[PDB]
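A quick write-up on the structure given underneath.
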There are 2 protein chains.
Amino acid sequence: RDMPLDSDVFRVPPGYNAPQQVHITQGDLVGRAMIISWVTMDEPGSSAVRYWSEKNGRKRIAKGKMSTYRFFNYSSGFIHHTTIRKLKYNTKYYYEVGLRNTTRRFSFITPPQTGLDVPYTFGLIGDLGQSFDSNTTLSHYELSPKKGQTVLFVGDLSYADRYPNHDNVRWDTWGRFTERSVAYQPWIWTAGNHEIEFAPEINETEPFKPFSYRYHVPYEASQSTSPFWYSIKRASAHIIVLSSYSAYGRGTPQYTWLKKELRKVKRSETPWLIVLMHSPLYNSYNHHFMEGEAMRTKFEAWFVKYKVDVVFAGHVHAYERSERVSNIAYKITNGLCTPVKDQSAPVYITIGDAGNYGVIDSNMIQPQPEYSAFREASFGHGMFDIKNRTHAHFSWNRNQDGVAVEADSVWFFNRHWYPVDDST
Amino acid sequence: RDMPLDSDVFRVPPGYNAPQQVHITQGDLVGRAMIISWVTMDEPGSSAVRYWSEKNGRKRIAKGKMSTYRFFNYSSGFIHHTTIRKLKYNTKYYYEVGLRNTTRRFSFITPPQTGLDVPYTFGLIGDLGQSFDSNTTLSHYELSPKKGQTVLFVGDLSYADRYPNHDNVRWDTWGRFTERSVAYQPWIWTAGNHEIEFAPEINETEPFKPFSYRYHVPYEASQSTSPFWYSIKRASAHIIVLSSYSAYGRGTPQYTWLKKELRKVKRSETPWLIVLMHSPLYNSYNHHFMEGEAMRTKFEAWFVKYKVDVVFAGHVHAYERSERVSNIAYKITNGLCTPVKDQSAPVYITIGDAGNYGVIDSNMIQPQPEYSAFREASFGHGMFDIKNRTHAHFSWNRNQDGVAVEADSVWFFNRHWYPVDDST
Ligand SMILES: CC(=O)N[C@@H]1[C@@H](O)[C@H](O)[C@@H](CO)O[C@@H]1O
Ligand SMILES: CC(=O)N[C@@H]1[C@@H](O)[C@H](O)[C@@H](CO)O[C@@H]1O
Ligand SMILES: *[C@@H]1O[C@H](CO)[C@@H](O)[C@H](O)[C@H]1NC(C)=O
Ligand SMILES: *[C@@H]1O[C@H](CO)[C@@H](O)[C@H](O)[C@H]1NC(C)=O
Ligand SMILES: *[C@@H]1O[C@H](CO)[C@@H](O)[C@H](O)[C@H]1NC(C)=O
Ligand SMILES: *[C@@H]1O[C@H](CO)[C@@H](O)[C@H](O)[C@H]1NC(C)=O
Ligand SMILES: *[C@@H]1O[C@H](CO)[C@@H](O)[C@H](O)[C@H]1NC(C)=O
Ligand SMILES: *[C@@H]1O[C@H](CO)[C@@H](O)[C@H](O)[C@H]1NC(C)=O
Ligand SMILES: [Fe+3]
Ligand SMILES: [Fe+3]
Ligand SMILES: [Zn+2]
Ligand SMILES: [Zn+2]
């Protein structure tokens, strides 16, 4: 039950070669860069981006690259990617795009410089899709009383691969649909299984093709060699994005990168350490049960050793919050294979209930395991609101409830600065 | 302990632009084709191969392709790959390489047509390397009273990545060193961790580059979209090669391929079902202990479901033989996490003790776990001798013993045709 192509939210902006499917993301490691992306259908157009700060009227111009691609019998429009760098912290900027022809204007606010007690509020959306439910979820996030300043996307964007030949037109519609948000505030991308799009039948064998062309990330900023895993620092948070569907065996590029990246985290500069991945390591629902075991046996010990605060995942179309637990004492024949409470371990949260194609995962493992703190099969999104270097407030909002109602509220105590039990 | 560059085995064949590092491998699914590979140092040369059988002296010519590559400050020679097809079963063929300049001649015997009771004896070599120990291992294989007709190589070829800048010259020496065998009988390649060669420091970020240029495989024959995993049928055996260091999460290329491939296995046509991978799923040695857990949680259930006979792995530089066990009843909180004997499960064998750079893994998990049937820290190789559709004899030969001494022998009873307890 996705929204029909004639839906108001898929409407195409008027004007000749008008920029469409506009979206932004952090373009550097510390937050003083932004990647501006958009598509033009009528003709190539300019890849220039004109921007200026609200205060200093000095208008500047940055040039970018343009690209195109074909999936099966599908031909893309003209995709533009431009990186604006050397921006100023905590300041509003205006940027215009589509200079040569029909011009459209947007704005964004750079984050404050990275610091120990710098407050910031992140949005959490996963497996959004483009169904009526998806629109409701996006609305609640926009109307949220505690305004979100950046969204952390945990995977499965458009779900265009459910249509015949993965009808890439559904990638375009999703681009216009989400523009109302991603054009004004950055979204941090995480690749999900619906982005793999491995279709040998139609001779499309390169994983993540549509996705990688449409969405760029500043992976090079963290010494990564691939766009499916990277980290960025923003305000008081250090965010690490992992790829559930890439190699992660010992010696592999992702494995090597993650190992070095954790050593580089400085809790004195960024107290909150967050990890994003599409498939959850802890999940008590029947759908995709134990799918995350493979990655868990490889990185769990590291998450505990470095005391990461929270791990966000999607994939399971529902909501779940775990107690701080670890299962790293197993040794094949020592029988220690039951998850135990660990104050050094992170809290795992499944938040992939933004809407997808309108289906909710209800069937859950019974009885509720001990490692599961709270769970519910309802659509919605979440908010991770950072206050101090010691306190962060997380909340989950349902689509049935009012915009300001928090069906689930939890205070997180930083594992590095305030290591006290924060169970609920 | 690596053999010095002046060692006799690394001798470069005389003659202008003489073909060197000649090696062959199966070129199709059933064995009526061969991929002939070689290198020329003085100049490109022809990529043609002239071949003929003992009977019909009819000489034919097949034209292949030539390619080169660079690593750091290393420049490869001219690499040639030619595929000879439509060969006749169980017949001896002669083939010449380097037609334009100085020609060299070799021979090989195609396997018999695939059948239910077709006998065939495979060799098992893993983590060969090029140390003095490596030369001994290869010698014992050549002198084996029961001559091997094809080698199943379980990973880690040259170990050139141990030298500064992975001195690719060490790939060339290894090519000349092993030529005395691989040029006369096929070797089935499996990629190991030393083939990854991920070296960002020197701007070499493409995994498996040196390896993939030098060693080609008939992966397309099995519908695979990558040379790191594929299968082949030879005599009464259906061999499946997996990549321990590639993506294998649900929905990924490898995962999808394996799932489909197992369905296509016909025990009525090829009774023996063998799987190759570099990292052992069961291992009681300290070195690399539990590294195979990630892939294990992914594919173990399938191996049992389809009753694969034997799984061969290397990586650990020693020898180990498990009993038929399985650890697939685990459900996170049900406590069933101990391996149990299973007559439907394969026997796991690790033979990565061919030599490498002269180091052997002697540290073992004490006491010996119940799932481990035999283990020993000695250099050697193995032989898998198929008799009928019901019986196959496996033997392990140490380098200290005589060429005909079997330090460990075991009869394998086919899991499909002769489902009886073959424990020792
Ligand atoms: C292939 C080549 O040009 N040889 C040189 C080698 O002699 C030198 O010691 C090394 C140092 O980095 O660089 C190159 O590999
Ligand atoms: C004498 C000799 O061996 N040189 C020939 C050269 O003349 C020719 O152009 C080339 C083409 O394959 O083959 C050899 O290199
Ligand atoms: C693309 O190809 C499919 C083939 O199944 C066809 O049904 C569809 O109409 C085509 N779309 C366009 C507009 O090319
Ligand atoms: C749109 O911009 C292109 C690129 O500079 C230019 O060639 C073309 O004349 C413009 N079209 C319009 C809106 O007139
Ligand atoms: C989506 O939500 C917006 C904001 O509430 C609304 O204006 C629009 O009509 C909705 N579109 C659909 C198709 O539900
Ligand atoms: C963090 O916030 C909490 C409540 O929002 C407050 O009680 C606490 O003192 C703050 N951290 C500090 C010590 O400044
Ligand atoms: C390698 O072994 C062969 C016998 O198979 C022998 O002729 C040769 O001398 C040996 N070379 C080295 C360097 O050990
Ligand atoms: C299998 O081989 C063994 C010894 O090689 C023999 O005893 C047995 O009878 C054979 N079975 C068949 C199918 O002939
Ligand atoms: Fe999803
Ligand atoms: Fe090895
Ligand atoms: Zn998913
Ligand atoms: Zn290895």
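In the structure tokens, each chain is lettered A, B, ... as it comes, each chain's residues begin at 1, and ligands are numbered from 1 in order of appearance.
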Practice problem: Identify, on the basis of only C-alpha atoms, every residue whose closest approach to residue 344 in chain B does not exceed 8 Å; exclude the query and any residue fewer than 2 positions from it along the same chain; express the result as a PyMOL selection string. | Solution: chain B and resi 304-305+307+324+342+346+415+419
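Proximal residues of ligand 1 are residues 72, 73, 74, 75, 164, 165, 167, 168 and 169 of chain B, by a cut-off of 9 Å on only C-alpha atoms and all ligand atoms.
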Practice problem: List all protein, DNA and RNA residues that have at least one atom no more than 6 Å from any atom of ligand 8, counting only C-alpha atoms and all ligand atoms, and write them as an MDAnalysis selection string. | Solution: chainID B and resid 387:391
Please run DSSP on the backbone and report, as a PDB file with N, CA and C atoms, in the first residue's frame, all residues within range 211-278 of chain B that come out as alpha helix (DSSP H).
ATOM      1  N   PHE B 211      46.151 -11.323  -6.768  1.00  0.00           N
ATOM      2  CA  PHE B 211      45.591 -12.660  -6.929  1.00  0.00           C
ATOM      3  C   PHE B 211      44.652 -12.806  -8.127  1.00  0.00           C
ATOM      4  N   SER B 212      43.676 -11.902  -8.229  1.00  0.00           N
ATOM      5  CA  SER B 212      42.688 -11.958  -9.303  1.00  0.00           C
ATOM      6  C   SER B 212      43.252 -11.768 -10.705  1.00  0.00           C
ATOM      7  N   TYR B 213      44.401 -11.114 -10.823  1.00  0.00           N
ATOM      8  CA  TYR B 213      44.992 -10.921 -12.141  1.00  0.00           C
ATOM      9  C   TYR B 213      45.735 -12.174 -12.578  1.00  0.00           C
ATOM     10  N   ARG B 214      46.412 -12.795 -11.622  1.00  0.00           N
ATOM     11  CA  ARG B 214      47.195 -13.986 -11.884  1.00  0.00           C
ATOM     12  C   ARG B 214      46.398 -15.291 -11.932  1.00  0.00           C
ATOM     13  N   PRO B 253      25.404 -11.054  -2.628  1.00  0.00           N
ATOM     14  CA  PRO B 253      25.763 -11.911  -3.763  1.00  0.00           C
ATOM     15  C   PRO B 253      26.150 -13.342  -3.384  1.00  0.00           C
ATOM     16  N   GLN B 254      27.149 -13.501  -2.525  1.00  0.00           N
ATOM     17  CA  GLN B 254      27.577 -14.843  -2.138  1.00  0.00           C
ATOM     18  C   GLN B 254      26.472 -15.668  -1.472  1.00  0.00           C
ATOM     19  N   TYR B 255      25.810 -15.070  -0.490  1.00  0.00           N
ATOM     20  CA  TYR B 255      24.729 -15.724   0.233  1.00  0.00           C
ATOM     21  C   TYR B 255      23.672 -16.234  -0.754  1.00  0.00           C
ATOM     22  N   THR B 256      23.210 -15.351  -1.627  1.00  0.00           N
ATOM     23  CA  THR B 256      22.221 -15.717  -2.628  1.00  0.00           C
ATOM     24  C   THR B 256      22.702 -16.874  -3.506  1.00  0.00           C
ATOM     25  N   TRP B 257      23.935 -16.779  -3.980  1.00  0.00           N
ATOM     26  CA  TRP B 257      24.492 -17.807  -4.841  1.00  0.00           C
ATOM     27  C   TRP B 257      24.538 -19.174  -4.163  1.00  0.00           C
ATOM     28  N   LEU B 258      25.108 -19.232  -2.962  1.00  0.00           N
ATOM     29  CA  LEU B 258      25.225 -20.492  -2.224  1.00  0.00           C
ATOM     30  C   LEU B 258      23.873 -21.171  -2.008  1.00  0.00           C
ATOM     31  N   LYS B 259      22.884 -20.380  -1.609  1.00  0.00           N
ATOM     32  CA  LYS B 259      21.549 -20.898  -1.364  1.00  0.00           C
ATOM     33  C   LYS B 259      21.016 -21.579  -2.620  1.00  0.00           C
ATOM     34  N   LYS B 260      21.174 -20.932  -3.768  1.00  0.00           N
ATOM     35  CA  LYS B 260      20.709 -21.516  -5.015  1.00  0.00           C
ATOM     36  C   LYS B 260      21.535 -22.734  -5.420  1.00  0.00           C
ATOM     37  N   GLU B 261      22.855 -22.619  -5.329  1.00  0.00           N
ATOM     38  CA  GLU B 261      23.745 -23.704  -5.716  1.00  0.00           C
ATOM     39  C   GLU B 261      23.479 -25.018  -4.985  1.00  0.00           C
ATOM     40  N   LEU B 262      23.197 -24.956  -3.689  1.00  0.00           N
ATOM     41  CA  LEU B 262      22.940 -26.177  -2.942  1.00  0.00           C
ATOM     42  C   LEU B 262      21.714 -26.907  -3.478  1.00  0.00           C
ATOM     43  N   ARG B 263      20.710 -26.155  -3.924  1.00  0.00           N
ATOM     44  CA  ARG B 263      19.504 -26.763  -4.476  1.00  0.00           C
ATOM     45  C   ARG B 263      19.829 -27.518  -5.755  1.00  0.00           C
TER      46      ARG B 263
END
Exercise. Compile the contact shell of residue 41 in chain A as a ChimeraX atom specification: residues with an atom at most 10 Å away, counting only C-alpha atoms, same-chain residues fewer than 4 positions apart removed.
Key: /A:16-20,45,76-79
Take the residues just selected and output them with N, CA and C atoms as a compact mmCIF listing (two decimals), in the first residue's frame.
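File written: result-v8.txt
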# COMPACT_ATOMS: atom_id res chain seq x y z
N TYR A 16 11.26 25.11 -15.84
CA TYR A 16 12.09 24.31 -16.74
C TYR A 16 13.34 23.81 -16.02
N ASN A 17 13.59 22.50 -16.11
CA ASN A 17 14.76 21.88 -15.50
C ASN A 17 14.91 22.29 -14.04
N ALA A 18 13.78 22.42 -13.35
CA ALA A 18 13.77 22.80 -11.94
C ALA A 18 14.46 21.72 -11.12
N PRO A 19 15.38 22.12 -10.22
CA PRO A 19 16.08 21.14 -9.39
C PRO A 19 15.06 20.36 -8.56
N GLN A 20 15.21 19.05 -8.50
CA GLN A 20 14.29 18.23 -7.71
C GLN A 20 15.07 17.17 -6.92
N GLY A 45 22.21 20.88 -17.02
CA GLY A 45 22.16 21.99 -16.07
C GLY A 45 23.50 22.20 -15.40
N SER A 76 18.41 7.29 -15.82
CA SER A 76 18.33 8.32 -14.81
C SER A 76 18.38 9.70 -15.41
N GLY A 77 18.04 10.67 -14.58
CA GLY A 77 18.09 12.05 -15.00
C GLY A 77 19.52 12.43 -14.70
N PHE A 78 19.77 13.72 -14.55
CA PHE A 78 21.09 14.22 -14.28
C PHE A 78 21.27 14.48 -12.80
N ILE A 79 22.13 13.67 -12.19
CA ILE A 79 22.42 13.76 -10.77
C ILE A 79 23.59 14.69 -10.49
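Comparing the minimum interatomic distances between chain A and each of B:89, B:374, B:174, B:330, counting only C-alpha atoms, we find that B:330 sits nearest.
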Quiz prompt | CA of residue 233 in chain B to CA of residue 349 in chain B, distance in Å rounded to a single decimal | solution = 20.5 Å
Practice problem: Do a neighbour search on residue 250 in chain B at 10 Å with only C-alpha atoms, toss out local chain neighbours closer than 2 positions, and write the hits as a list in words. | Solution: residues 193, 244, 245, 279, 288, 291 and 292 of chain A; 247, 248, 252, 253, 254, 255, 256 and 298 of chain B
Could you save the residues just selected, with C-alpha atoms, as a CSV table (one decimal), in the first residue's frame?
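Once everything was written out, this is again.csv:
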chain,number,residue,atom,x,y,z
A,193,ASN,CA,19.3,-4.8,2.5
A,244,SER,CA,25.6,-5.1,7.5
A,245,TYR,CA,25.8,-6.2,3.9
A,279,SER,CA,20.6,-5.4,10.9
A,288,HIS,CA,14.9,-11.7,10.9
A,291,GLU,CA,20.2,-12.6,11.4
A,292,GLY,CA,22.6,-10.3,13.2
B,247,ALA,CA,30.3,-10.4,2.0
B,248,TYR,CA,28.1,-13.3,3.1
B,252,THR,CA,24.3,-10.5,-0.5
B,253,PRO,CA,25.8,-11.9,-3.8
B,254,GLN,CA,27.6,-14.8,-2.1
B,255,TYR,CA,24.7,-15.7,0.2
B,256,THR,CA,22.2,-15.7,-2.6
B,298,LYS,CA,25.3,-18.3,8.6
Practice problem: Can you tell me which residues come within 12 Å of ligand 6 when counting only C-alpha atoms and all ligand atoms, ideally as number ranges by chain? | Solution: A: 116-119, 385-394, 410-414, 417-418
Write out as a compact mmCIF listing (two decimals) with C-alpha atoms, in the first residue's frame each polymer residue whose atoms come within 12 Å of residue 265 in chain B, counting only C-alpha atoms; drop sequence neighbours fewer than 3 positions from it.
# COMPACT_ATOMS: atom_id res chain seq x y z
CA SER B 222 28.02 -21.80 -12.03
CA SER B 231 31.55 -24.45 -7.93
CA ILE B 232 32.72 -27.15 -10.30
CA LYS B 233 31.88 -30.77 -10.95
CA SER B 236 31.84 -38.01 -8.86
CA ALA B 237 32.40 -34.83 -6.88
CA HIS B 238 30.59 -31.53 -6.75
CA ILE B 239 32.91 -28.94 -5.23
CA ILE B 240 31.76 -25.63 -3.82
CA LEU B 258 25.23 -20.49 -2.22
CA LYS B 259 21.55 -20.90 -1.36
CA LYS B 260 20.71 -21.52 -5.02
CA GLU B 261 23.75 -23.70 -5.72
CA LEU B 262 22.94 -26.18 -2.94
CA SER B 268 22.53 -39.07 -7.98
CA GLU B 269 24.95 -37.54 -10.50
CA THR B 270 27.76 -36.41 -8.17
CA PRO B 271 27.52 -38.30 -4.84
CA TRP B 272 30.41 -36.51 -3.14
CA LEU B 273 29.60 -32.99 -1.96
CA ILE B 274 32.68 -31.03 -0.92
CA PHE B 303 25.60 -27.83 5.23
CA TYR B 306 22.05 -30.82 2.50
CA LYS B 307 24.35 -33.30 4.21
CA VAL B 308 27.66 -32.11 2.74
CA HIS B 416 23.68 -39.73 0.92
Write out as a tab-separated table the residues of chain A that have any atom within 8 Å of an atom of ligand 9, one row each with the nearest atom pair and its distance in Å to one decimal, counting only C-alpha atoms and all ligand atoms, sorted by chain and then rising number.
residue	atom	partner	partner_atom_place_in_ligand_line	distance
A:126	CA	ligand 9	1 (Fe)	7.5
A:127	CA	ligand 9	1 (Fe)	4.6
A:128	CA	ligand 9	1 (Fe)	7.9
A:155	CA	ligand 9	1 (Fe)	7.1
A:156	CA	ligand 9	1 (Fe)	5.2
A:159	CA	ligand 9	1 (Fe)	7.9
A:192	CA	ligand 9	1 (Fe)	7.3
A:193	CA	ligand 9	1 (Fe)	7.3
A:194	CA	ligand 9	1 (Fe)	6.9
A:314	CA	ligand 9	1 (Fe)	6.7
A:315	CA	ligand 9	1 (Fe)	4.2
A:316	CA	ligand 9	1 (Fe)	6.3
A:317	CA	ligand 9	1 (Fe)	6.1
A:352	CA	ligand 9	1 (Fe)	6.6
A:356	CA	ligand 9	1 (Fe)	6.3
Quiz prompt | Test item: chain A residues at most 6 Å from chain B, counting only C-alpha atoms, as a ChimeraX atom specification | solution = /A:245-247,249,294,333,338
